[PDB]
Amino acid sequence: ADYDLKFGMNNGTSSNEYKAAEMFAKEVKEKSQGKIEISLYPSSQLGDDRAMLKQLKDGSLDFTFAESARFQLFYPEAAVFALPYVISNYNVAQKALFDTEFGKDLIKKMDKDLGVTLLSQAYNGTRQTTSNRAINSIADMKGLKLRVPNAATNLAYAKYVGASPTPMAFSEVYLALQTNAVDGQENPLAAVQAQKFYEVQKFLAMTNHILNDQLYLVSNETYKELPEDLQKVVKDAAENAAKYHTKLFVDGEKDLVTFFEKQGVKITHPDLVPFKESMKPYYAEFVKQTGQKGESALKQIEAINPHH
């Protein structure tokens, strides 16, 4: 095609993310009259999310997914998006990104500093905790060998609840759980399904600890080369895909418990009051490290009413 573009992701072919990217790719191809074809590179084929972001910066990958929180690697105050229990719901995540001074500035910096254009934002689920033993309360977390992604905020969740974190790449998690090299992981229900973690985890606990969004990103190197009518095709497609993406996750969150129970998983509902209280010193560390910019991001987010 005139533009043979590539979209990389960590998720596999059964996932919501892949389904939404498929929808995006199909719309772009049809609405561009065949001038743009987007090929998909799932399962971290091109590297992890960090690697794929760098490929957008340098222009060698055209599209990828990222979370708003992941930009904490560049702007430490952006950790606010994944401080456990701070962001209440997706309503708050949307307004945090698009409707605060902090979020608008973050979008500008992504463009200027990191060479990527934000096309759209989706909901990507609320993270829960699976394990090889029941989590009936915060006590059961003590010493749990809990896989986390390579991200400070997930490491902190594990630390502050009393668990023993093992960072590792998403692609490695299934085997780590199967071999009992680790005792559990934490991810939204959709990923528990897509990656088949339920096959190798007998327990799921509704910790509700971190709210994930997902950003449709394009490389500025690619976006600048598209004539403006094709830019609009891409943008419009990303906005339509993100709405679909959000719907997949919302519907799954109401449907997946009966799926997991049918697959033999036991679901627990630990009291979250001590989970939340355990984070208080982490918040104070965040404010100590990030100073007035973090204080300010936190105040802007905490000001957002969670009710639509």
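The numbering used is simple: start at 1 and walk along the sequence shown.
Please work out which of 263 to 271 and 63 to 71 has the higher mean CA B-factor as recorded in the PDB entry. Looking at the recorded C-alpha B-factors, 263 to 271 comes out higher on average.
Higher-B stretch (mean Cα B-factor, as the entry records it), 118 to 126 or 190 to 198: For C-alpha atoms only, the mean B-factor is higher in 190 to 198.
So if I compare the CA B-factors in the entry for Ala241, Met279, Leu248, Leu53, which one is the largest? Comparing C-alpha B-factors across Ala241, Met279, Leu248, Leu53, the top value belongs to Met279.
Based on the entry's values, in what third of the chain does the Cα temperature factor of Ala20 lie: lowest, middle or highest? Lowest third.
Among the chain's modelled residues, which third holds the C-alpha B-factor of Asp213? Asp213: CA B-factor falls in the lowest third of its chain.
Could you place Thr290 in the lowest, middle or highest third of its chain by Cα temperature factor, using the values in the record? It falls in the top third of the chain.
Comparing against every modelled residue in the chain, figure out the third that the C-alpha B-factor of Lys142 lands in (lowest, middle or highest). As the PDB entry reports it, the C-alpha B-factor of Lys142 lands in the highest third of its chain.
Modelled-residue ranking by C-alpha temperature factor, third containing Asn11: Middle third.
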